[PDB]
Amino acid sequence: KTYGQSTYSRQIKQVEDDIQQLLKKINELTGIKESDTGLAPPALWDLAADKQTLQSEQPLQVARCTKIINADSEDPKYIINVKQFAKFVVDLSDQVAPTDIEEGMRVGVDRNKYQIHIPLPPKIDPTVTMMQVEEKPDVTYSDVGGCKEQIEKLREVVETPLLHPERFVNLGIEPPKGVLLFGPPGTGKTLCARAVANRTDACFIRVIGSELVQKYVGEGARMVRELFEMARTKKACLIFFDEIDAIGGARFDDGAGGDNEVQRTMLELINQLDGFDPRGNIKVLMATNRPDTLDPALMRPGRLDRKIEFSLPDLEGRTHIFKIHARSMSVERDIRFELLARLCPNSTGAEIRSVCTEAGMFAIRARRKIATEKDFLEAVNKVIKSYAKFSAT
Amino acid sequence: XXXXXXXXXXXXXXXXXXXXXXXXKXXX
Amino acid sequence: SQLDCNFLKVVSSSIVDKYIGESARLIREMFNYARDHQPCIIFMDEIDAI
Amino acid sequence: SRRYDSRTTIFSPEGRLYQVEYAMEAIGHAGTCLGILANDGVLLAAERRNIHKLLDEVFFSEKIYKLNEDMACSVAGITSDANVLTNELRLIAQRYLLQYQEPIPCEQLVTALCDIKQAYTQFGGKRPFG
Amino acid sequence: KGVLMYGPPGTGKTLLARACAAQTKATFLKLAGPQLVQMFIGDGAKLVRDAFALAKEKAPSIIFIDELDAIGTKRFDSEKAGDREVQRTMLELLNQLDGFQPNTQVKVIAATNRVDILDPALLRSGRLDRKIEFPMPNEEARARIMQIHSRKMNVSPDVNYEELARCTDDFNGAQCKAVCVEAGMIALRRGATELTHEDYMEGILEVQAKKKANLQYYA
Amino acid sequence: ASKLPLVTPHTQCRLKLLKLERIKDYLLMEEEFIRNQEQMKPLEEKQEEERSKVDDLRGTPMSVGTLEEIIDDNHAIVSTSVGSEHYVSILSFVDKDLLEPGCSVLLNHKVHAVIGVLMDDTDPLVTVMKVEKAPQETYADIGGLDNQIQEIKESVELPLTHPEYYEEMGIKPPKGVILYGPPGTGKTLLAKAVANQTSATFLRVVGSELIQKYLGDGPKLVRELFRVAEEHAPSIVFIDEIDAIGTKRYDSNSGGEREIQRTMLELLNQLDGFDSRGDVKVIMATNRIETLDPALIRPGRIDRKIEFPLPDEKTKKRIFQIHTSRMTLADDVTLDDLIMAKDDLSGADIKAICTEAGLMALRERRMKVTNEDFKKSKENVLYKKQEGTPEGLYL
Ligand SMILES: Nc1ncnc2c1ncn2[C@@H]1O[C@H](COP(=O)(O)OP(=O)(O)OP(=O)(O)O)[C@@H](O)[C@H]1O
Ligand SMILES: Nc1ncnc2c1ncn2[C@@H]1O[C@H](COP(=O)(O)OP(=O)(O)OP(=O)(O)O)[C@@H](O)[C@H]1O
Ligand SMILES: Nc1ncnc2c1ncn2[C@@H]1O[C@H](COP(=O)(O)OP(=O)(O)O)[C@@H](O)[C@H]1O
Ligand SMILES: [Mg+2]
Ligand SMILES: [Mg+2]
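Protein chains in written order, with the working numbering: chain A, 790 to 1182; chain B, 317 to 344; chain C, 30 to 79; chain D, 3 to 132; chain E, 112 to 330; chain F, 758 to 1152.
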C-alpha cells in the first residue's frame, strides 16, 4: 500500500493537519464575519468605529484636486482649472508658504471658497511606474566570475563616480556617461545588469525595449519624456535598456513606406540623450545580441562610449563558474573541475548551470539523498553525449 | 499589417439644477 | 490688398479638432458669414491637408 | 551584375532540389495522355486542350510526332519547348543511322535525350525543360 | 529668412545652437522634431501656431528646430495614418513661417543629418534662406579640437598635436573629444598624473575598437 | 492566517514535531480561554451594535467611484463617474489589502470619503485562453511512449505534485520543454493529457493567432499573457506552434516581418530576463526544430528537448485498437493486414482510417464492419497523403 519514508511520517503530518483545521474551527466557534461584500473583519474596527471617525468626519474636508497654469505678480493670483469643471483665478489659504506652488502642479483646492490647501505629487502614469524596479536582486559581483577585464571596465564607469566623486575632480575629467554591452548570448549581460542594480545607491530604472512600440502615434515618444523628467528629479539615477534593436536600428528609406513610427520614437531618444541642455547625472547601459545594424547616431561617442564584449572565457573561467555553481549544492568532497572544464571547451555559463541542474536529476533518477562525484561523472558522461548529438547541434 | 492609427474625442454633456430659492441682492 | 475688409483666408490645416463634429461646424459658419456679407472672397491655401 | 541572378542550380535547404519540383507541377496541368501495350501493337491517347470552332486543323497531325520510321512520341508541357526537343531528338536518331546504317534501338535514343535534359539542371542556371 | 545646418552626425550642429543662445540675450526658444507629433489629430497645428504667438510677444526672439527630418518628409502615395497627420502639421509649419502675413521679428534655425528626405517647400529660398554644410575636420581642425578639450587636464608638455592629428584618421569632433577623455583615465589606471603620446595612441585603439587577433599572416 | 512562518527543518526532524505542537498548544488554549467567554459572560456585544454604529455612520445612498492613486495611509485620490476627482480620506472599515489602483470603491455625499469597496468581476482573458476543465482522455489514449511520458512527468508533474527532492539538494527544476517531431505524432495529445491530469492551471495558446493587423499588439498580448498567468495561480503555459512565428532573423527585412521580430523579442524578455517569474511552467511545441532562433534554444530558457519518433508495428497495435475500441468489429478483419505492411504512417493517419471506415459503412447503409471498409479506407488515406506529394522517382 505504502511505506514509511522517514520514521513518524504521518505522525507529524495529521498533528499539523488537524490544528490547521482547528485554527478554522476556532474562528467559527468565536463567530467570524467573512466575505461581507467588501468590509473589514470586526475584531479591529469595533475599537475604530466610534468618535475617532467623527474626528475624520467633521474636522476633515473633501479638498477637490486641480492643476495650476500660471502665477501673477506682487501677489499669488493663481489661474487654475479643476479638470473639466471651470478654470478659476483663486488664492492660497494661509496654511501654506508661497514657495512650492510652482506652475504645472497638481494641487488640492477647497470646495466651498476655492482656495488652495495642499500641493500634491504629480501624475506619473502606472505604465512607467511598473518599470521602476523598487527592489534590488541578490546578485554578488563574485557570481559573474570569469570576466575580470569586462567587470573592471564597467566598474570604472558606472560605479566609481557615483561612489567616489573625488578622483575625477582632482584630475579634471568627465566620466563616459554611456556604456554598451554586447556579445554572444547566455554570457553574462543580464548578470552584470543585476549586479550593478544590486550595489547601485541610486534610482535604478528598468526599461524593456519593446515596451515603447504601441498602436497610436506619438504616445511612444511621450514615454521617453516622462523617463527623462523623472531622471532629472531623481538625482544620479541609472537607466538600463535591453534589446535595443526593437527601439530602432535602421532608417530604411528605399521605399520609405515601411517602419516610421519606431524611427520617430528613436529620434526622440536621441535628443533627450545628448544635445541641448545636457542631463547631468544619468548613466545608460545597453545590451543587445547584434550590435551591427544599429543607427550610427547612437554609435556617436558621448552617447555610447565603451564597447564591452563578452566572450567564452578560456579554460579557467569555466573552472571558476563550476566553483560558483557547484559550491552551492550538496556534493562529495572528491571534487575536481579541471577534468570537467577540459571536457566542455566551448560552452556558456548557462550551459554550465544546465549541467549542474542536470546532475541533480540523476540523483532523483536514482533514489538518493546526495550528489556523488561518480553520479556527477555520470552527469557529465551523458551531457557530453547529449551535446554531441543534440537536436539543434 | 504594421499600420498605426490616431484618435478622437466624444465629450459628455453636462447639466445642473437647484432649489432656486436664493435671492441675489444683498447690495444696498 | 484691394478690399481689406471682405476677404476670408483659411490655412486649411487648423480646421481639424479633437472632437467628432466641430470641423464641419467651422465650415457652416464660414459660408454663412460669407452669406451675410454679400460680395465675399474665400481663400484656402494648401487644400492637400483637407 | 550579381543581384539579378536567379540561382536555379543550388539545392534546397531541406537537402533536395528546388526548381525542378516547380517545373514538374506544370506537367500535371494542360494535357492528359496515356499509352498501353500488352501484345503486338501499341496505342497512344491524346486530348484536345483547345477545341475552339475557328481553328483550321489543317496540320492533319498533332501531338503525335512521328520522329522516325519506327518511333513517335506524345508530349505534354510547354508547347514550343517541345519543338526544340522534337527537332533535336529527330536528328539524334538520324545521325545514328548515318554512322551504322541500322535503325536506332528505342532504349538508347531515350538516354540521348535524358542526358540533354539533365545538362541544363547540372550547370549554368539555364531554365530547365518543363 | 532662416539658416539651415546639415552634415555628418558628429561635426557639431547643436554646438552653434547652444553657443549663440549662450551669447545673445534675445528670447531663445527650443523645439525638437517629434514634439510636434501628437496622439490626437490637430495638436501640432495647435502647437506650431501657439509656439509662434509666444515668439511674437517677446519680439527679440529666435526659434531653434532640431531633427527637422522627423517632420519634413517628401510626400507620396501614403495610406492609413502615420503620415496622415504629419504632413498636416508640416503644412501649418510652412504657412505660419512664410507667406501670408509676413513678419521680421522671429528667426528660425534648423539642423538635420539627412537632407534628401525634405520637401522642396521647406528649402525654397524664403522659408530657409542660407544652407550651411559642416565638413569633417580636415587636418588642422583635428589638431585644433584636441587642443581645446585638453584644457583642464594635466598634459605633459612634450606632445605634438600634429602628430596626433595625422594619426587620428577620419574622426569627427565627437570622436576627437572621446580620445581626449579616454586618455585621461588610462593614465588614471596606472596612477600617472601627466600624459604621453602613448596614452593618446592607446585611446585611439579603444575608440577604433579593434576586435580580434591572429592577423599575423601579413607582411 | 499567517500564524507562524517557519518551515525550515522540512523533514521528520524533531524540531517540527516540537514547534507544531507548541502551535497546537497556543491554539487550544486560545480556544479554551475564549470558550469560557460564551460560558460565563455569553453576551452578544456586536451583532448590530457594531453594524448600526457604522451603517448610521455611512450614508444610506452609496456611490461608486474609481481609484486613481494611493497616498500615504488614509487619504487617496479617487474619480467620480464624470471625472471630478476628490482627495478624500478612507476609513478603517474597508480592506486596505485588496485596495489596488483601478478598482471600484464606495463613497460618501458630504465629505465623499471612501467607505467600502465593491468586489471585482472575472476578467474575460481567462475565459478566452484557458482550457477551463479537464478536456479529454487520460493516459489510456496514448500509444506506448513510456519514455516521453517519463520526461514530461519529472519535469512538470513530479516537481509540482511532490516537491521534496529538489529542496533537499537545493537544485531548481529545469524551466522550458520543447516538443518536436514530424506532424501527426501526438504533440497536442500529450499537452492535453497533462492538462487532463493536473493540479495547477493550464493555458493553451495557438501561436499563429499572435499576429495582429495593428502593431504593438504583438508584444501587448504577450506581456499580458504571463501577467495573467503569474497573478492567477500555479500555472502551466502551453504555446502550440511557435515554429512559423518565431523562427530567425532570416533576411532582416521590414514591413511586418520586423514587427514579428519585435514580438519575439518581447517574448524572449518576457520569458526570462528579470525577476524570475516563479511557478510558471512553459511548454512549447513545434514541427520543425532546425530553423529556430538559438537565443531561445539556449539554457536558461529551455532545458529539455524531446524527440518524437514514429513506431512501426508495436504501439500501433494499441493505436489501431484504441481508435477501434468504441465501435463494432465483425470477425472478417485483421489489423495485422495493415500494421505489419507499412511502417511510417502517423497516428493521425490511423485516426483518419478509423473514422473513414465508419464513414464508408454507414454511407452504404450496411451493417457493422467489413474488411473492404479497411481496404478502401487505407487506399483513401494513401491518396490523402499522395495527392499533395510532388515526388517523382528518387527526387
Ligand atoms: N560568466 C558567468 N558566470 C556565471 N554564470 C553565468 C555566466 N554566464 C552565464 N551564466 C549563467 O547563464 C545565464 C544567462 O545569463 P544572461 O541572462 O546574462 O544571458 P544573456 O546575456 O542575458 O543572454 P541574451 O544575450 O540572450 O540576452 C545566467 O542566469 C547565468 O546564471
Ligand atoms: N568642431 C568641434 N569642435 C569642438 N567640439 C566638437 C566639434 N564637433 C563636435 N564636438 C563635440 O561634439 C559634441 C556635440 O555633438 P554634435 O554637436 O556633433 O551633435 P549634433 O551633430 O549637433 O547632433 P547629432 O549628434 O544628433 O547629429 C560636443 O560635446 C562637442 O564637444
Ligand atoms: N500514440 C497515439 N495514440 C493515440 N492516438 C494518436 C497517437 N498519436 C497520434 N494520435 C492521433 O493523432 C493526432 C495527433 O495530434 P498531434 O500529432 O499533436 O497533431 P500536431 O502534431 O499536428 O499538433 C491525435 O488526434 C490522435 O488522435
Ligand atoms: Mg539578456
Ligand atoms: Mg545635434
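C-beta atoms are modelled at their ideal positions from N, C-alpha and C, and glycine is treated no differently.
A distance criterion of 8 Å places the beta-carbon of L1095/F beyond contact range of ligand 3, judged by its closest non-hydrogen atom. At least 9 Å separates the beta-carbon of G893/A from that of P908/A.
Within the same chain, and ignoring the five residues on either side of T122/E in sequence, the residues whose Cβ sits closer than 8 Å to its Cβ are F245, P246, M247, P248, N283, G284. Chain-ordered listing is empty here: chain A has no CB closer than 7 Å to the CB of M1041/F, the nearest sitting near 13 Å. By the C-beta density criterion, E1127/A is exposed, having fewer than 16 other C-beta atoms within 10 angstroms. In summary, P915/A is exposed, with fewer than 16 beta-carbon neighbours lying within 10 Å of its beta-carbon over all protein chains present. Judged by their CB atoms, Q893/F and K949/F are nearer to each other than the 9 Å cut-off. For the stretch 848-891 of chain F, the full-length alpha helix (DSSP H) segments reaching 4 residues or more read 881-886 along the chain. Interface annotation, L1092/F: not in contact with chain D, CB-CB separation never under 9 Å. Not a single C-beta of chain A is nearer than 9 Å to the C-beta of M797/F. In chain order, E305, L306, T307 place their CB closer than 8 Å to the CB of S267/E, counting only its own chain and leaving out the 5 sequence neighbours on each side. Relative to ligand 3, even the nearest heavy atom lies 8 Å or more away from the CB of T855/A. Comparing alpha carbon positions, the residue from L1166/A, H1109/A, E1098/A closest to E1121/A is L1166/A. Shown here, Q841/A sits in coil according to DSSP, grouped into three states, outside any helix or strand.
CA-CA distance, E1016/F to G973/F, rounds to 8 Å. With its beta carbon less than 9 Å from one in chain E, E945/A belongs to the interface.
Residue contact check for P939/F against chain D: no CB pair falls below 9 Å. The beta carbon of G237/E is closer than 7 Å to those of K112, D209 in its chain, skipping five residues each way along the sequence.
Taking the CA atoms as reference points, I834/F sits about 6 Å from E826/F.
Contact check for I228/E and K191/E: beta-carbon distance about 19 Å, past the 8 Å limit, so the pair fails to qualify. For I962/A, the neighbours in chain E by C-beta distance under 7 Å run, in chain order, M264, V292, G295, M296. Residue pairing of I935/F in beta bridges, as defined by DSSP: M1041/F, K1062/F. One Cα belongs to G900/F, the other to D1100/F, and the distance between them is close to 15 Å.
For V148/E, at least one C-beta of chain A is nearer than 9 Å to its own C-beta.
Taking 9 Å as the cut-off, the Cβ atoms of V318/E and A289/E count as close. Looking at the DSSP output, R853/A bridges to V898/A, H843/F. When the five nearest sequence neighbours on each side are left out, the beta carbons in the same chain lying within less than 8 Å of the beta carbon of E274/E are those of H308, in order along the chain. When rounded, the separation of the alpha-carbon atoms in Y923/F and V22/D is 56 Å. Taking every residue with its beta carbon within less than 7 Å of a heavy atom belonging to ligand 5 gives, in chain order, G1064/A, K124/E, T125/E, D177/E, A222/E.
A Cβ-Cβ separation of about 12 Å leaves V934/F out of contact with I1054/F under the 8 Å criterion. Within the stretch 193-261 of chain E, the runs of beta strand (DSSP E) that reach at least 3 residues and sit entirely inside it are, in chain order, 218-222, 241-244.
Secondary structure in the stretch 949-989 of chain A: the beta strand (DSSP E) runs of 3 residues or longer, each lying completely within the stretch, are 967-971 in chain order. By the Cβ rule, the stretch 989-1001 of chain A counts as touching the stretch 1010-1020 of chain A, because three or more pairs are nearer than 8 Å. Distance from the C-beta of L946/F to the nearest heavy atom of ligand 3 is below 8 Å. The stretch 67-77 of chain D makes contact with the stretch 85-105 of chain D: 3 or more CB pairs, one atom from each, lie closer than 8 Å. 9 Å or more divides the Cβ of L863/F from the Cβ of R808/F.
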